[PDB]
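Novice: Chains as they are written, first to last, in the entry's author numbering: chain 6, 107 to 457; chain 7, 423 to 766; chain 1, 168 to 355, 368 to 393, 465 to 519, 537 to 567, 573 to 639; chain 4, 22 to 94, 113 to 323; chain 0, 557 to 754; chain 2, 7 to 286, 328 to 507.
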Amino acid sequence: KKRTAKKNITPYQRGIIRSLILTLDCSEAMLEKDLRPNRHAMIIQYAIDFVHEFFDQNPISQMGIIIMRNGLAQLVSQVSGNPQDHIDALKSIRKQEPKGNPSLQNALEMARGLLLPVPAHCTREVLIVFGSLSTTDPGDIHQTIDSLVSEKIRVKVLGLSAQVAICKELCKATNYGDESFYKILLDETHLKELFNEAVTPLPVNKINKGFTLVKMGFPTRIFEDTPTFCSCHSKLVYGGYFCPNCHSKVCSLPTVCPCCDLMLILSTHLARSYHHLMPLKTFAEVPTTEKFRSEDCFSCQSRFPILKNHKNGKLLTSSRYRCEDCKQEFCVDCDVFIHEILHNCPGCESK
Amino acid sequence: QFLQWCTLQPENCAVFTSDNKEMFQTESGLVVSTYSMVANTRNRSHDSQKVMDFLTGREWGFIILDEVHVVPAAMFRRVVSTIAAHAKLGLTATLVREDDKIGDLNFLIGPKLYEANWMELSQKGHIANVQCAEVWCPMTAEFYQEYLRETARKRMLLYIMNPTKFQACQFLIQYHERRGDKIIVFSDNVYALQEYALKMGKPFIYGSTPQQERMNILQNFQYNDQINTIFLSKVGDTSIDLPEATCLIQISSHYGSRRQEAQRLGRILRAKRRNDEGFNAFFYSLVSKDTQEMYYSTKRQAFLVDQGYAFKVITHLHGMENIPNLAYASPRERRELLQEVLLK
Amino acid sequence: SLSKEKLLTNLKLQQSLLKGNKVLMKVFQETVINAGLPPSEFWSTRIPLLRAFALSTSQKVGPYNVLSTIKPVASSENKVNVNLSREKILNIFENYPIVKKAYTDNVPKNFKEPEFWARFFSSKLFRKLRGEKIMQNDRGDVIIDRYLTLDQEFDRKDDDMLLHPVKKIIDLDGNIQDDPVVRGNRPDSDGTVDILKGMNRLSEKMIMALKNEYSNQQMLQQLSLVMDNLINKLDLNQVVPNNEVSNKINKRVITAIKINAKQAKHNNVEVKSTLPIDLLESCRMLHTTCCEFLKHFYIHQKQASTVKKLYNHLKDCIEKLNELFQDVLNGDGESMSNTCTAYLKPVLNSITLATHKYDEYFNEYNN
Amino acid sequence: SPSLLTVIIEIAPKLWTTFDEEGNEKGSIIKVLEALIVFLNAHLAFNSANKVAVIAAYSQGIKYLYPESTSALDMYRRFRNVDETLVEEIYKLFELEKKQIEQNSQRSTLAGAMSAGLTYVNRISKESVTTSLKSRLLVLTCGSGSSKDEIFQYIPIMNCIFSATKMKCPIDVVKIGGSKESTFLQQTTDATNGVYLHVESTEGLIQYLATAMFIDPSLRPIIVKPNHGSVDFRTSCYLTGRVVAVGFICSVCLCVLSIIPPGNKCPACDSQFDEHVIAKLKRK
Amino acid sequence: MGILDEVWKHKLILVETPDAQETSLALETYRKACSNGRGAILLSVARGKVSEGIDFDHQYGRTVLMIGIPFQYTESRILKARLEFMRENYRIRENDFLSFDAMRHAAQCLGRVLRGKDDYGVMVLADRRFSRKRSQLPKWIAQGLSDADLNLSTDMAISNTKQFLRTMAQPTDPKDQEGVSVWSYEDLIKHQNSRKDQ
Amino acid sequence: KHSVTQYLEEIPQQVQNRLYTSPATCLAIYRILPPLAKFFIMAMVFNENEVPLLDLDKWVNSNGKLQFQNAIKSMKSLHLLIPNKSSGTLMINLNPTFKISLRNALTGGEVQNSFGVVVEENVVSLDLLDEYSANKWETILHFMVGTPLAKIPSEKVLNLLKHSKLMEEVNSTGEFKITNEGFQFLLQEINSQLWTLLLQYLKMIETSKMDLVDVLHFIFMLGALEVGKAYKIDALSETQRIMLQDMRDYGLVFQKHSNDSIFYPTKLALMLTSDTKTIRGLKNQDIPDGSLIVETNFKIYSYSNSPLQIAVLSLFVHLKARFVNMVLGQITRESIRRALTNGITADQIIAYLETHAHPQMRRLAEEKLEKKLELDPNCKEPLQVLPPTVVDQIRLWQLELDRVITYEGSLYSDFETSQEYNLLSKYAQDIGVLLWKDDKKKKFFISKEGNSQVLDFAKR
Ligand SMILES: [Zn+2]
Ligand SMILES: [Zn+2]
Ligand SMILES: [Zn+2]
Ligand SMILES: [Zn+2]
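#1: Tell me whether the beta-carbon of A663 (chain 0) lies closer than 8 Å to the beta-carbon of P626 (chain 0).
#2: When the distance is taken between beta carbons, is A30 (chain 2) closer than 8 Å to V117 (chain 2)?
#3: Evaluate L535 (chain 7) with the Cβ neighbour count: other Cβ atoms within 10 Å of its Cβ, from every protein chain shown; 16 or more gives buried, anything less gives exposed.
#4: Taking 8 Å as the CB-CB limit, is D284 (chain 6) close to chain 0?
#5: May I ask which residues mark the beginning and end of the alpha helix (DSSP H) holding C665 (chain 0)?
#6: Note down the Cα distance separating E640 (chain 0) from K689 (chain 0), rounded to an integer number of angstroms.
#7: In the segment 150-188 of chain 6, which residue ranges form an unbroken beta strand (DSSP E) of at least 3 residues, counting only runs that do not cross its ends?
#8: Does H237 (chain 4) come out as helix, strand or coil in the three-state DSSP assignment?
#9: Cβ of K617 (chain 1) within 7 Å of any heavy atom in ligand 1?
#10: Let me check you understand the geometry: is the CB of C199 (chain 4) closer than 7 Å to at least one non-hydrogen atom of ligand 4?
#11: Could you check if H567 (chain 1) is buried or exposed, using at least 16 other CB atoms within 10 Å of its CB as the buried criterion?
#12: Does DSSP put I509 (chain 1) in a helix, a strand or coil?
#13: Can you name the residues of chain 6 whose CB is closer than 8 Å to the CB of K205 (chain 4)?
Take a look at the structure:
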């Protein structure tokens with residue numbers, strides 16, 4: 107009795123840069139009573155969580171937020187790389203209440219307009235949190251979908267408790283045909299993990315596309331305190347960074363230089379990327395009676411191994427889920443922790 | 423109020439009073455009657471007797487009743503035996519009633535089917551977000567001097583009149599105007615109520631308010647936001663139209679002994695289809711602290727917490743003295759108004 | 168729909184956006200009204216804002232529900248201008264030409280606000296929607312009745328304009344009876372059939388308005475064993491564990507540490540002349556955007577003359593700020609002037625470096 | 022507020038000899054070991070009986086010292120048990136030394152040490168849901184030569200950093216060796232809100248330790264004691280090896296490359312680039 | 557009543573009307589709306605032309621209904637005469653034949669809502685009398701109609717169908733349980749039943 | 007809390023050093039100081055040279071210097087150090103006895119007293135005599151509170167409670183009732199209760215044959231760790247042995263039978279300083336045996352139970368019929384009015400409920416908690432953590448029975464200019480120490496923190 111992914115078969119490519127434009131759904135449907143406060147409040151709360159998470163794991167991307175009220179798509183946060191703006195925008199929205207019908211077509215068109223400036227190496231995306239069971243379009247939709255797939259704009263949507271044919275067509279269409287991206291939910295926890303899996307970059311099997319070197323430079327922190335002075339918000343700020351080339355102060359960020367317009371990063375962002383590129387082989391669960399290995403943990407020192415012949419208890423299993431390449435044991439907690447938070451396998455590091 | 427809004431045409435439902443003579447023993451359709459006319463000492467004319475004779479003549483297959491608990495069940499049983507009907511109906515208002523005698527009116531009519539679950543009704547959107555409070559009006563020297571002076575029941579209006587009570591009321595008025603809310607005030611007094619109304623200087627319902635004027639103020643109160651505070655006395659209640667409750671203020675707490683609190687809670691708090699405020703139904707009991715009716719205000723608090731409505735107390739008023747019109751604010755003017763009320 | 172030159176030339180749109188933000192109009196005018204920048208390039212920086220605004224604008228709402236609803240979901244507010252009054256009426260107009268035409272024809276006389284819509288209730292909301300009123304309130308008069316008569320044949324001709332030769336999978340027409348010539352029976368009462376045709380016609384009109392598309467080793471082990479022994483050799487006198495040994499050494503360690511504590515403490519994680544502060548802030552914003560345009564252009573490249581104009585302007589701005597500092601030192605004295613110089617040091621350095629870099633590149637190209 | 026100080030002392034007998042080689046052989050690690058024991062006791066006393074833990078890094082793997090994995094199956116005297124057990128284990132480990140131990144000098148398992156220690160911290164925190172443990176680990180390294188900067192451990196160190204920040208676990212480091220600022224460690228302490236201390240060899244640290252390696256449990260109103268600036272001008276070019284400032288980073292590869300593009304197939308992921316894009320870069 | 561206003565607010569209505577041409581037009585707009593965003597309702601007659609040949613694929617049909625059970629004797633006695641012939645000539649009684657015909661048309665209506673096995677869709681009925689006919693239905697319909705799903709109220713009906721729609725929406729594609737019910741390319745049939753040659 | 011630390015600093019300096027002669031005691035009091043002082047002391051312990059103060063200021067950054075004052079005032083008050091105006095500067099250093107004793111303790115010192123423990127066959131079972139100690143503690147608690155039958159024979163203990171006035175009971179009539187002292191006994195759960203009792207034994211046992219140094223040596227040696235072998239045999243003074251026998255009578259010593267053996271280290275001495283887990328014929332279920340119910344509806348929901356514990360609950364709520372899992376009781380304004388008759392403040396009960404009866408309200412306090420502190424800045428509405436509705440009701444009852452408002456501090460003056468008064472008021476609002484202020488009178492009655500910080504800023 108195990109619930110594990112068999113194997114990862116695109117551990118070669120992902121979209122590391124991103125520009126994901128999450129589009130919420132604020133329309134009369136979202137006011138029904140299936141999720142604890144409503145659909146809407148729970149949705150926005152989880153949206154905040156996802157914003158934090160996504161801007162953590164992909165700390166070099168941008169993001170924009172879009173609502174769908176009264177059949178209109180009203181941008182509530184410009185495509186920007188500072189999580190706090192989007193966070194505040196969502197805060198503001200959550201106190202406002204939905205109305206009108208969701209105009210999927212308008213939101214789609216607004217996005218396609220929005221992502222034009224994003225350069226070729228950056229990758230586009232949208233994430234429709236579609237909640238209702240209808241749309242209300244002021245135009246042909248398949249027209250838009252065709253324009254989309256022409257502009258190389260992958261789309262993933264998370265329907266609420268139903269399946270809508272057009273959305274299924276939409277996901278199947280933009281994502282190079284390979285349909286896996288219209289996942290819809292059946293529980294709140296399912297919803298949390300839905301957003302979580304939306305956080306990561308997105309491979310399926312990438313067509314051979316243009317791969318391009320991108321100019322960027324790293325800043326150096328500043329020293330003085332009273333000389334507070336800023337060139338990205340025109341304030342007094344007690345000390346920040348210096349563009350190596352533009353050579354002007356910039357308040358703390360991985361932002362783009364507001365003088366000479368080149369990307370700024372430290373490295374730790376690149377480190378996050380590295381973590382996403384080449385993950386580990388999924389740790390194997392050791393055979394119950396065939397292990398005969400050390401009775402402890404390895405990374406930690408846990409005493410949860412077996413019980414040695416106990417009718418049904420020992421017949422159950424032997425908590426020895428052990429990674430492959432280092433071939434050392436690890437208790438369940440250690441394996442969960444390694445594969446979730448820190449991806450340097452303890453033993454596999456040491457040799 | 424409803425039966426013409428309802429499908430009922432009053433052409434057949436003749437209204438009988440023993441004073442309001444109407445068409446009996448000739449009504450082609452259903453009738454509407456009252457306990458006082460049906461069986462009571464208030465048989466000012468034999469119209470009621472003829473109505474009862476016709477009721478005996480026709481086997482009335484069903485009976486509709488509204489608030490039978492006030493009227494003793496003796497007349498109910500007498501007319502039950504007299505008419506020999508096919509079926510009846512009890513639209514009760516209280517869980518426990520004085521007419522729960524050995525022969526229960528339930529088995530006289532039928533079993534229970536639904537309970538007026540006010541927590542279900544006053545929170546789903548009808549009177550949703552019922553918040554209750556008991557503001558403690560600060561004590562002053564004159565009030566306690568009067569307390570020590572006499573121990574009779576004349577202290578009701580004496581502790582009611584507190585000018586700080588009006589200051590809190592005015593702050594509530596301005597706050598609900600800022601929020602665009604609606605305010606209901608329970609004030610059965612006459613002199614102090616009119617003095618407060620003069621002080622606030624706005625259109626107001628008061629004691630024995632004219633019915634046309636009361637309807638005009640209700641329109642300008644629930645529809646217009648320039649006026650949003652109405653003072654309901656003891657003259658209306660069970661004789662007037664219940665306005666939407668968004669902010670209720672109670673001043674007097676005598677109301678006989680009991681069950682009047684329950685009836686007032688059921689009626690004054692009516693459906694309000696507003697949800698802008700987080701607490702779309704405020705209940706307030708402006709009570710002069712350190713007075714005779716502190717015990718009865720605690721009784722009201724216990725009653726309400728039995729009722730299950732959300733209750734609190736707000737005596738840390740935000741900007742309590744920052745309100746306009748601080749007339750009679752000083753304890754000297756409190757004592758002068760106490761002298762005024764001693765006349766009452 | 169949105170193009171770089173399009174937003175560049177969308178002058179009315181650009182001025183609308185000027186009205187959009189006080190900060191925007193301020194920076195723009197001080198980049199313009201101060202004999203500064205042509206608006207063209209100024210927007211050439213700000214293009215994404217323009218695109219966003221434009222898209223946020225021309226956003227036709229759907230037809231659909233509200234369109235319909237304007238006949239069904241709208242039966243209560245008999246008062247004045249109800250919900251979405253202008254919005255609802257325009258939805259009506261796009262939804263039904265007849266009402267729009269009647270209202271227009273009844274502008275010079277007979278106000279269509281109260282009395283127009285009152286008679287409209289009867290006339291239309293009986294015509295469309297529910298069953299044939301026929302009897303009852305036949306207020307469908309004058310313009311109402313005329314438009315009724317019109318709309319009849321009008322919807323007729325529309326329906327006519329709707330007939331496709333449906334693909335032969337669905338072709339119920341050719342499917343029924345148009346195979347044979349047969350003799351059946353039939354047994355399965369007027370009016371209301373029109374109701375059904377009404378709902379069909381409404382829906383299809385809606386959909387069509389949407390299809391329109393509008465040492466190592468040895469000594470290593472040796473020393474190791476030595477230590478291992480020393481350990482095993484009882485020892486480990488934690489009393490002898492240094493404590494601090496040399497009081498002097500101790501002192502020196504403390505010195506180092508207090509030095510470092512001081513230096514890192516110097517990190518206290537408020538200008539005087541608020542009006543001059545704001546003025547200097549304006550100057551900084553100005554010089555920042557000016558340099559922004561250069562460091563765009565000086566990188567990118574054939575518009576050399578534009579770069580020349582930018583460089584001349586930037587040199588002018590540098591001299592301007594030099595005079596600004598001179599005036600600040602003259603008037604505010606030194607301490608306030610010192611604070612201003614501190615506030616402007618980074619930007620000043622950046623622009624000076626940009627000037628020097630341009631001078632170097634110009635010399636390189638020339639020589 | 023109890024704290025789980027989990028020291029991580031690395032002991033390379035190669036680096037131990039280097040420490041003997043450095044300056045004079047005026048004292049082996051024994052000084053460090055004793056000072057560590059004393060500091061550990063100090064922390065063990067300071068708080069309301071808050072646990073500790075210690076891990077090592079010998080030439081051919083790592084192994085716990087204090088928590089003393091199941092083996093059979113004075114002064115407060117708990118100090119006694121901790122210290123005597125640790126020293127018994129460490130002498131046992133020193134028995135684990137020979138030429139085959141001298142063989143696998145290719146790596147330096149410090150990264151494994153930090154990672155495993157973090158896993159331990161997670162284990163303890165998770166089991167002890169009640170009385171949440173404001174934990175924080177340490178690092179002691181004998182700074183030796185023969186490698187100006189080993190980098191094959193670069194990534195796992197940073198993964199350790201990110202785990203630490205998420206777990207909210209400051210990680211302080213003390214390098215004992217030559218004047219070579221351990222850049223990755225330096226960024227590790229600075230980023231994870233730690234403190235760096237590049238002592239000289241032979242001084243009895245105990246003062247350094249008890250001063251600047253004891254203010255990280257759960258205080259943080261107090262100025263840390265870090266050395267000079269912590270410049271984040273990060274990794275040198277993968278191709279070149281010179282520290283980069285205006286980087287040039289390919290793609291899905293993510294490697295940072297110098298101003299010298301090989302023109303195709305960035306030399307860490309086989310990805311030929313658009314020659315049009317190459318020219319666009321060359322447009323300068 | 558106002559009932560139609562709500563369904564207007566959600567989906568589209570497309571009635572069925574006697575003239576065939578307009579019927580075809582309405583039907584195609586129904587398809588065009590279903591595959592578009594807005595949901596659309598088509599209501600027709602069981603005896604009518606619509607049920608005869610028209611197909612309802614995955615998108616175009618999710619939840620058929622059967623308001624009432626189709627019966628004819630609303631009208632006159634030609635059925636009575638034919639049924640007389642039936643009883644005299646064949647050992648068949650009236651209500652037997654009538655129920656048989658009714659369930660014939662009911663099954664014909666219902667079967668339209670599936671095309672493959674990837675498709676799916678609710679198939680409700682509505683009448684008191686249906687409960688006893690559960691055996692008259694075609695087998696493959698009867699199998700899915702478990703005992704516990706009889707005379708359900710509308711409310712539990714909505715509950716169950718909600719759970720269904722959600723569950724089917726899941727990509728429950730083990731692809732190893734589909735080796736049971738798909739008999740994959742050239743082999744599983746070959747292997748399985750060439751062995752089943754027993 | 008009498009805050010024994012205050013009692014600690016009460017004693018003079020020479021006897022303080024007398025105590026510091028015992029290294030184990032030095033360590034045990036090191037456990038008590040505020041963390042700032044802990045760190046500073048650990049710094050100073052080793053470098054054998056005094057240190058100027060300026061460094062010890064620059065060590066601490068802002069937003070927390072108040073802890074700097076806390077630490078320095080505490081340490082100076084108990085005079086662990088010696089400030090030295092050597093060159094007009096401040097040459098801090100500890101009482102050298104403290105330094106040497108502590109340093110000995112860290113690295114194998116000569117504290118034979120701390121090492122008084124003996125290691126041998128500790129046949130003492132965990133439950134073994136642990137249940138007996140728990141039973142004795144329960145017996146004395148019930149007898150002091152007053153049970154239906156109080157078998158408490160602690161004649162010395164009873165004398166201590168009476169002369170100490172432990173509870174408002176008529177010991178002359180034998181009454182052991184809840185006074186302000188009795189209310190506190192109902193309040194201080196374990197550390198509070200054991201501490202108050204230890205202080206009482208100190209006050210009563212202070213006249214003759216004390217040897218306070220040996221007294222504290224014995225107390226902390228009990229609290230230090232399991233001495234085990236030869237404790238009662240050898241590791242005790244004569245008066246030390248008498249005090250040990252008395253404490254063992256008082257429960258706080260789990261000495262075995264035979265009246266002559268090594269020290270019996272009951273868990274209670276551990277409980278004296280641990281501030282940790284509180285759990286103790329032969330039956331004791333392993334679970335949060337505490338049982339009660341307190342929620343928004345103001346009612347008791349008891350499934351678990353404990354007789355003296357539920358009696359404690361009854362001390363402010365009515366009892367009608369004890370049930371199997373429940374006891375008939377409903378918490379209302381009158382319920383607490385019962386204790387208000389004793390005049391017990393509705394203050395200790397707050398944290399009591401937040402802490403006690405949680406063995407039956409774990410899930411309640413968790414759902415109230417909801418981790419709504421990291422989520423507090425995002426979702427501005429806390430989810431009834433530490434239920435404030437009941438808190439408001441309790442405060443309302445307290446005011447209703449109270450009718451009087453009081454404030455702590457002292458009157459302040461010599462605010463010559465409005466600028467200093469306004470700046471101090473702003474600073475206090477930043478630190479939340481100003482109860483009330485007015486520039487017209489230049490006076491108020493608040494805590495001394497603002498004046499302390501301003502004076503420190505002015506002088507140094
Ligand atoms: Zn800035
Ligand atoms: Zn720059
Ligand atoms: Zn483990
Ligand atoms: Zn591994």
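Beta carbons: idealized from backbone N, C-alpha and C, even for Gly.
Specialist: If we stick to the structure as given:
#1: no
#2: yes
#3: exposed
#4: no
#5: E650 to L666
#6: 23 Å
#7: 168-172 and 181-186
#8: strand
#9: no
#10: no
#11: exposed
#12: helix
#13: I447
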